[PDB]
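Single chain ahead, by itself, as structure tokens, in the form deposited in one PDB entry.
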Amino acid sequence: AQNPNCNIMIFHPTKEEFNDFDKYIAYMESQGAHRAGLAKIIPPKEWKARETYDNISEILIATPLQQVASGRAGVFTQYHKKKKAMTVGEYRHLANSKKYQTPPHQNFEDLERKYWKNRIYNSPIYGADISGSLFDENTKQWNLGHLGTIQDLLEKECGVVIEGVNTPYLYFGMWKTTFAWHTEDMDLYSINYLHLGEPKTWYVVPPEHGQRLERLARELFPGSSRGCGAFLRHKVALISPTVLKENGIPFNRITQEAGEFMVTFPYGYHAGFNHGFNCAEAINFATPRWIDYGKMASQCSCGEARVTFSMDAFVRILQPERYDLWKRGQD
């Protein structure tokens, strides 16, 4: 078996290898990349997402989210308080202000230490979940707005035609902005391109060990667990690498820099944080190997999770028994 220790693998495709997206994902998996739950892909030196980022300041963040923590430094939840709209230019200025700016630090490791020590004592503002794309329409390779759709994948694999669309989302971040432990909707893949700015650090649990993380989460957030059989779907729980280690949970970490892609694989739990002002673009996608994960994906039915229009069809076709109780939660 390839990659038996489930290490995060890093790939350097040539420009020729960068032409066929599906083929390259399949290649990475042939080398065992999916066992980690996360892979890094460094694009060929000849490639670019767009010519410049000099003209993005007038993008609107309609609903910036203030991420307020509760709990202890290594085990906490965060809730999202809605703030007034601001442009990306205004957001960048806010990120760089004394209140919100990245502190002096020696290296990535020092900054990671500071994050886990001090995150709960601040409430950074995240410009997350904004429909749109920053890829130039003329960028033909790995353009996250031009991928084959999940609906078409299901149709090719299973012969059923379904409603729904999937499009990319932009994420504007600042120091300490945080993504909670989660897998993707319907345990899909995700792909994430860091367009500009400061790094993003990721933590990931191998898919084969995801249930170990779930068991620890139930122990650490007992009220939440009683309220919902899949509460990690709420995307509000954080557990530090120190706490994961203390509890013997297998995981890895890696830092993504501007100009790099990350792919998360079906049922690969991940969490992380931004180092300073940045912008990422991400979208879900599927392959033939995903179908069996989609069939088995846990669902939140307490109603907190509340997901996309397109998820309806996935649950309806892949999980017909659940579909009744699930849509009861969505509605």
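Only residues modelled in both forms are compared. Note that the rigid core is defined as the largest set of C-alphas that superpose within 1.5 Å between two forms. Residue positions are given as counts along the sequence shown, with the first one as 1.
The PDB entry records a higher mean C-alpha B factor for 41 to 49 than for its counterpart among 41 to 49 and 262 to 270. Taking only CA atoms, the mean B-factor in the PDB entry is higher for 321 to 329 than for the other of 321 to 329 and 2 to 10. Per the deposited record, 105 carries the highest C-alpha B-factor of all listed residues (176, 105, 195, 253). Residue-level inspection of the entry shows that, of 36, 68, 300, 28, 300 has the top Cα B-factor. Ranked by Cα temperature factor within the chain, residue 146 sits in the highest third according to the deposited record. Among all modelled residues in its chain, residue 112 ranks in the middle third by Cα B-factor. Among the modelled residues of the chain, residue 139 sits in the highest third by CA temperature factor in this PDB entry. Residue 306 sits in the highest third of its chain by CA B factor, as recorded in the PDB entry. The entry lists a Cα temperature factor for residue 291 that places it in the middle third of the chain's modelled residues.
If you look for the form deposited with a small molecule bound, you will not find it shown, but the lines that follow are about it.
Interface residue remark: residue 36 is not counted as part of the site for the small molecule in the deposited bound form, having no heavy atom within 4.5 Å. Mapping the unseen interface onto this chain, residue 41 falls outside it, with no heavy atom inside 4.5 Å of the small molecule in the deposited bound form. Segments of at least three consecutive residues in which every Cα is displaced by 2 Å or more between this form and the one not shown, once the core is aligned, occur only at 325 to 329.
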